Amino acid sequence: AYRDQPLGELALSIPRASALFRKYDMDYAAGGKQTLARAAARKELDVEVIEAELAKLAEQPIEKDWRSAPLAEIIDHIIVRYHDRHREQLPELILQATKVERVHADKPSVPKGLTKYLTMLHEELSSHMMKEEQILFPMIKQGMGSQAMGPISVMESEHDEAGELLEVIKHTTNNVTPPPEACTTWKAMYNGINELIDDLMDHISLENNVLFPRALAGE
Ligand SMILES: [Cl-]
Ligand SMILES: [Fe+2]
Ligand SMILES: [Fe+3]
Ligand SMILES: [O]
């Protein structure tokens, strides 16, 4: 019964589901508690076809399952696969968005505000990630995870705020869809933005749906 389960559990149960939920604009990352049924019903989307589509990906081979992995290993993976990657992705995107906004300032399709939104996301992610790396992650490794409600609730409120920046970024770029007159820089930047969104959603999902609850439970 896929419809009755939370989006978070589904995204970590079946591979490429993250991308499927991304296709339907379903927030499995910060909204991972919500059931597929409730999320589908709010979008006016056909639940039965989504259940089927999941089975097609479900039967496909298993990747790494992080739900039962050691927390220290989840932490190390997050730092390297996600935090360090965001630290190099964002400065590049900011440079490209600066160029696209300038060069194409005359065009009605130019993503006005994109540079400013990427800049805000970079500044906020950087202080957020530093706190995780300096305090929350070490505290979990040193066995104080059951004591981490304070930082965790703050980290979760900041994940929601990052979620809102992503929505504004998606809206400014026509859901990251380049117009017909887009150039190579403009197209490659939109590919970078989609890659940043995919990574950031999987990053937030791993924190909200696995690391944080299991830490608090004393694992
Ligand atoms: Cl606590
Ligand atoms: Fe993080
Ligand atoms: Fe985080
Ligand atoms: O994060």
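Residue numbers (the authors' numbering): 2 to 220.
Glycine included, every Cβ here is placed at the ideal spot set by N, Cα and C.
Backbone secondary structure at residue i - three-state DSSP
i, result
"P7", "strand"
"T186", "helix"
"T36", "strand"
"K108", "coil"
"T99", "helix"
"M27", "coil"
"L46", "coil"
"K113", "coil"
"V177", "coil"
Distance between residue j and residue i (C-alpha atoms, nearest Å)
i, j, result
"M145", "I136", "11 Å"
"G32", "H160", "10 Å"
"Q61", "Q97", "37 Å"
"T178", "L21", "17 Å"
"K57", "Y3", "13 Å"
"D5", "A38", "6 Å"
"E157", "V101", "33 Å"
"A216", "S127", "23 Å"
"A149", "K34", "20 Å"
"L122", "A53", "36 Å"
"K132", "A183", "38 Å"
"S154", "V169", "23 Å"
"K171", "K188", "14 Å"
"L55", "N175", "27 Å"
"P7", "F213", "16 Å"
"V111", "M27", "26 Å"
Assigned exposure category for residue i - 16 Cβ within 10 Å defines buried
i, result
"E64", "exposed"
"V211", "buried"
"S206", "buried"
"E208", "buried"
"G151", "exposed"
"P139", "exposed"
Beta-carbon proximity check, residue i vs residue j, cutoff 8 Å
i, j, result
"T186", "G114", "no"
"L167", "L94", "no"
"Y25", "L11", "no"
"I75", "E134", "no"
"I51", "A59", "no"
"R86", "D200", "yes"
"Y83", "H204", "yes"
"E125", "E162", "yes"
"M202", "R23", "yes"
Q) So, do the segment 67 to 75 and the segment 104 to 114 have three or more beta carbon pairs nearer to each other than 8 Å? A) no
Q. Within the chosen definition, does the segment 185 to 193 reach the segment 83 to 99 through at least 3 CB pairs nearer than 8 Å?
A. yes
Q. Using 8 Å as the threshold, is the segment 6 to 24 in touch with the segment 41 to 48, meaning 3 or more CB pairs across them?
A. no
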